[PDB]
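Undergrad: Generate coordinates for the sequence data below:
(8 chains, ligands or ions: 29)
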Amino acid sequence: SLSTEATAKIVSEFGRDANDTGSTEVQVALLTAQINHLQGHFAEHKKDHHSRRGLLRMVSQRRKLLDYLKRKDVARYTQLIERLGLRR
Amino acid sequence: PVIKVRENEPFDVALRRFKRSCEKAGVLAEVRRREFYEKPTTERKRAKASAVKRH
Amino acid sequence: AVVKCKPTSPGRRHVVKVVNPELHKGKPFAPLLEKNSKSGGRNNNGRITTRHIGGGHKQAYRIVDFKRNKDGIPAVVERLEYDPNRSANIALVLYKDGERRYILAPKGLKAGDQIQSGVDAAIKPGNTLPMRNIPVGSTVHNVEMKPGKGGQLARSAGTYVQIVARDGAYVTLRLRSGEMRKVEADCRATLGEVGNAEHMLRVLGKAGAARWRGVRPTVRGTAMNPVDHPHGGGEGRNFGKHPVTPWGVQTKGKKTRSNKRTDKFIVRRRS
Amino acid sequence: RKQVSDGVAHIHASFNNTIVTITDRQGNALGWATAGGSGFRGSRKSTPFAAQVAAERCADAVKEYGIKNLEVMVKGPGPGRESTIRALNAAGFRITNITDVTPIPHXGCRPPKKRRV
Amino acid sequence: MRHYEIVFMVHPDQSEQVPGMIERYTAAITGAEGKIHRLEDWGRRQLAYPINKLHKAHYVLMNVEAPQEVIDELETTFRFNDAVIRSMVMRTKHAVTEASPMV
Amino acid sequence: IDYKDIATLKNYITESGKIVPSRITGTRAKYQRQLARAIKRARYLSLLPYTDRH
RNA sequence: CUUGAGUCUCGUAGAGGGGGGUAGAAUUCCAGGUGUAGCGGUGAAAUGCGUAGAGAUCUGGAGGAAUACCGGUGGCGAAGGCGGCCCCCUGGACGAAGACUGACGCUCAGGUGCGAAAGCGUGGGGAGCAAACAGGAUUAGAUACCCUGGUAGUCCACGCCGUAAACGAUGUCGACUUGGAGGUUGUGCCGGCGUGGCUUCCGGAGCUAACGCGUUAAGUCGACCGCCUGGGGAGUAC
RNA sequence: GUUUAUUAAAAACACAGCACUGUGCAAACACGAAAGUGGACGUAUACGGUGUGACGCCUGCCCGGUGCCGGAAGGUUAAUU
Ligand SMILES: [Mg+2]
Ligand SMILES: [Mg+2]
Ligand SMILES: [Mg+2]
Ligand SMILES: [Mg+2]
Ligand SMILES: [Mg+2]
Ligand SMILES: [Mg+2]
Ligand SMILES: [Mg+2]
Ligand SMILES: [Mg+2]
Ligand SMILES: [Mg+2]
Ligand SMILES: [Mg+2]
Ligand SMILES: [Mg+2]
Ligand SMILES: [Mg+2]
Ligand SMILES: [Mg+2]
Ligand SMILES: [Mg+2]
Ligand SMILES: [Mg+2]
Ligand SMILES: [Mg+2]
Ligand SMILES: [Mg+2]
Ligand SMILES: [Mg+2]
Ligand SMILES: [Mg+2]
Ligand SMILES: [Mg+2]
Ligand SMILES: [Mg+2]
Ligand SMILES: [Mg+2]
Ligand SMILES: [Mg+2]
Ligand SMILES: [Mg+2]
Ligand SMILES: [Mg+2]
Ligand SMILES: [Mg+2]
Ligand SMILES: [Mg+2]
Ligand SMILES: [Mg+2]
Ligand SMILES: [Mg+2]
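TA: Numbers count the residues shown, from 1 in each chain, chains lettered A, B, ... in the order given. Ligands and ions are numbered 1, 2, ... in the order given. Take a look:
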């Protein structure tokens, strides 16, 4: 999956601690990076149905986490989505 | 199932050794297993039936 | 790329057309064209010999190399072009010394490949070799019947032959009709299959789309008079006769081959 | 005609018939005889006694070659596997090897459907 | 940047021109920032069963740590080089620097 | 287990060339699978005979 | 706030999914070499094949389909299902010590997606097997069971179909409730002592009309959903 | 779309589509006492003959007769001697 270097970079640059690996923003960043990466894999592999399920699970989990962040704090929510370049 | 014949080894001993080799390798049984076709459902059914009879 | 046209007109309702988006779009190479005039199915006496021929679009002849005689000089394919004189496409090549020629396009050949002819040529599509250096069992096209003459077998679009044996000084081929023939082992052949396999997936669609090819209408035998065809005549729709060609020869079932000087090379009939 | 002194006996015994041939080391055949090619026709055509008779007559048919050594190759699950070997040995011959070459697919091809009897 | 076992057997009659070329392979590896961990020449051996009417073959084993694309190009070279009759590239989990059972 | 230890792999092959069951030799479950993989790797690599007929 | 839920570090086994390449055995066909009168098939027979040289045997070539042994009341998968070997891409599960977010959770009508075999459309492919079909037998008859041949189909790429005794005839999530005999996969201490996950058989209280289930419940409970209301007519008609 | 110029323009001819069949190239076939020529400067996804007539569902039973293809155990049978 995601390389150790990429995850280390995103958590050491994007979270509010040296070892912050559990915040909502960090999770959303990891899921969006993995989704963007797997888009390329699924471009050439239409008939891969047993990984489409994992991709759908990641999408749903990202949606629920963003729902929670919107419900709790809206300002940092908008900050996160503008950093990540998303719509909702 | 190759069986040779040596000096001071009579006919019947070599014949019995060849028969034992054939029995061990199960050549005739394996041939008679591929006589016809078997539905995979029947394969799994007979396998489980034998396994539950053994228990 | 077989595409079906939308039925905006009665003549376009049934049309299916094969478009290749790789053919050269401009004009052909100038020093390799000639002139031909349509005959209409008429010989030097002016009489009609073959019926249902006449008219059509004008064409020019392209000098295609069927010998590949020059050897030891690699060549690079320049581009693929459309030839109206046949059913396959032709690919212009540029030899290392500066000479250009037309060859038949094998299957899978594109611009930027390399070809080669001779006795040391590599075994890959596009090359041509005598059938004694070619591995038995392979598939070839543009075969010769006589050593030195030129490519004369399996030359249409999509066709090919297969070498099945080598009985000393000869080879045995399985032709597209199923007939097995013996040819000299010194005849050359070209590796691969001739391209444009989508030729028979084309529907002409209308009556006038066959007159662009120069094909005049066919009149049925029973629709004639007793003085014109053996089948002609009747009050209504009457046949009562064994089917025959317009000249009396039986047309449905009868064999017509008669050639005793080449029957020695026919291993078996197509049947 | 020719002298070899060591051939190879090929036995092909199936559920209905047994065919016995003798060849050279290079594969070239010399003579043959079958259980059904000996008058045993129908149900008796497969019984091992027919195999023994076929082996004996086939051995007698190769009296002009003068062979003293043999190998045997056994094929098929037919009943003619032991009787043929004994007949070959007891025909005045001498076998120095025994080998089974029955073909066995390693999967291959779908067999005919089961006989509903 | 992964470890690999590379085994190949080559025609015995070409044995006299095997050594130098494997160096080139090593060179290629060392040209692509790859690491050689072990290289043993098993030599001429009798095959367990005849391969295309041959009986002997020259077996050579190489131990590499290299990126995947270099292994891909090496595999293509092995495919086209008619001298070698067979080859096999196995991806391992760690370095296997030791004495092989052959020697 | 590796395919390069042919001497030990000899002990787990029948006379014909097959693979002995686990219950006959009493070995474990995982080692049987790894052994079978090694045997197949060696059989492809022309180190072991596929069959016995010749 | 951290006990529910999830992220990070390490490692573990696996027919989990997709793409490409490749090794052996075997049936069929084709071309050569020896050899001559049978081969094949049934309970018994013949249609069928063979003197233009079959069948048997040896060397070689082509093509297609499936991977002997290992092999397991084994393993993976949400379900249908998944098996020779190697590389590339990729999903899930699990285990020891710890760090992190702090209820972010469960179920689900509409909706979206996957979905054995057969069947359809377009284009390739065709070794074996084999609906329809042809002939030989059996029989009072035999549109079959038996025998010899054989076209769709079975194979691949794409797009449809959306059905099965699609079954554990048992909806998903969580909590509590005597035991025994095993299989498989991780970890700690000195063959033993603990500890988790998945699974097979027997059986106690309890439950059921009974058969039986029984810590993987059909036992004691909470949440949400789906479905049932006599048999034909009928899963039919509009 | 074509047709009986000058009493018949139609349901008649043609047609895209389907099938049977012949043809291995000095191709089958046609015009020629012959040489030659068309087919074709094309090579079985090509050419000739025959019937039916877009598209949809489909196309059953009969090989005695008359044709065509294949077989040769027997009978009769020309020129020749
Ligand atoms: Mg015509
Ligand atoms: Mg026509
Ligand atoms: Mg017409
Ligand atoms: Mg008229
Ligand atoms: Mg006239
Ligand atoms: Mg007339
Ligand atoms: Mg009329
Ligand atoms: Mg009438
Ligand atoms: Mg009439
Ligand atoms: Mg032969
Ligand atoms: Mg806190
Ligand atoms: Mg749900
Ligand atoms: Mg619903
Ligand atoms: Mg289809
Ligand atoms: Mg089709
Ligand atoms: Mg149900
Ligand atoms: Mg019910
Ligand atoms: Mg499970
Ligand atoms: Mg109940
Ligand atoms: Mg119980
Ligand atoms: Mg309905
Ligand atoms: Mg009009
Ligand atoms: Mg007019
Ligand atoms: Mg008029
Ligand atoms: Mg008028
Ligand atoms: Mg008509
Ligand atoms: Mg009809
Ligand atoms: Mg008739
Ligand atoms: Mg008749």
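Undergrad: measure residue C:246 to residue E:21 for me?
TA: 73 Å (Cβ to Cβ, to the nearest Å). To be clear about C-beta, it is placed using only N, CA and C from the backbone, and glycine gets the same treatment.
Undergrad: Looking at the two, which one has more neighbours?
TA: Using other Cβ atoms under 10 Å in any protein chain shown, the more surrounded residue of residue C:246 and residue E:21 is residue E:21, with 17 against 14.
Undergrad: I'd like the next helix or strand past the helix or strand harbouring that one.
TA: Assigning secondary structure by DSSP states H and E places residue E:21 in helix E:19-31. For helix E:19-31, the following helix or strand on the C-terminal side (DSSP H and E) is strand E:35-51.
Undergrad: do that next one and RNA strand G meet at all?
TA: Yes: against RNA strand G, strand E:35-51 shows contacts by Cβ under 7 Å from any atom of the strand at E:49, E:51.
Undergrad: got the residues of chain C near chain F?
TA: Within chain C, no position is adjacent to chain F by Cβ under 8 Å from any Cβ of the partner chain.
Undergrad: out of everything not next to it in sequence, what's closest to residue 38?
TA: You didn't pick a chain, so chain A it is. Closest residue to residue A:38 apart from its sequence neighbours, by Cβ to Cβ, 6 or more residues apart in numbering or on different chains: residue A:55 at 5.5 Å.
Undergrad: Chain F is the one I meant
TA: Leaving out its chain neighbours, the residue that sits closest to residue F:38 by Cβ to Cβ, 6+ apart is residue F:3, at 4.4 Å.
Undergrad: contacting residues for the one you found?
TA: Going by Cβ atoms under 8 Å, 6 or more residues apart in numbering or on different chains, residue F:3 touches F:9, F:38, F:39, F:41, F:42, F:45, F:47.
Undergrad: what do you get for residue C:85?
TA: For residue C:85, the contact set (Cβ under 8 Å, 6+ apart) comprises C:59, C:61, C:62.
Undergrad: Of the residues you listed, just say which sits nearest to chain D.
TA: Within the contacts of residue C:85, proximity to chain D (Cβ to the nearest Cβ) peaks at residue C:62, which comes in at 49.7 Å.
Undergrad: Surely that closest one and residue C:31 touch.
TA: No: with contact taken as Cβ atoms under 8 Å, residue C:62 and residue C:31 are classed as non-touching, separated by 11.1 Å.
Undergrad: Looking at those two, which has the bigger crowd around it?
TA: Comparing residue C:62 with residue C:31 by other Cβ under 10 Å, the one with more neighbours is residue C:62, at 18 against 6.
Undergrad: contacting residues around the more buried one?
TA: Applying Cβ under 8 Å, 6+ apart, we find residue C:62 in contact with C:28, C:32, C:33, C:34, C:83, C:85, C:90, C:102.
Undergrad: what's across from it in the sheet?
TA: residue C:33 (DSSP bridges).
Undergrad: what about it, distance to RNA strand H?
TA: Distance of residue C:62 to RNA strand H, computed by Cβ to the nearest atom of the strand, to the nearest Å: 8 Å.
Undergrad: How about residue D:52?
TA: Per Cβ to the nearest atom of the strand, residue D:52 is found 38 Å from RNA strand H.
Undergrad: burial measure for that residue, as a count.
TA: Neighbour count for residue D:52, taken as other Cβ under 10 Å: 22.
Undergrad: That one touches residue D:84, doesn't it?
TA: Yes: with contact defined as Cβ under 8 Å, residue D:52 reaches residue D:84; the gap is 6.8 Å.
Undergrad: next one: phi and psi at residue C:77?
TA: Dihedral pair for residue C:77: phi -70, psi 130, per degrees, to the nearest 10.
Undergrad: wait, what's in contact with it?
TA: C:91, C:92, C:93, C:109, C:110, C:111, C:112, C:113, C:114, C:115, C:126.
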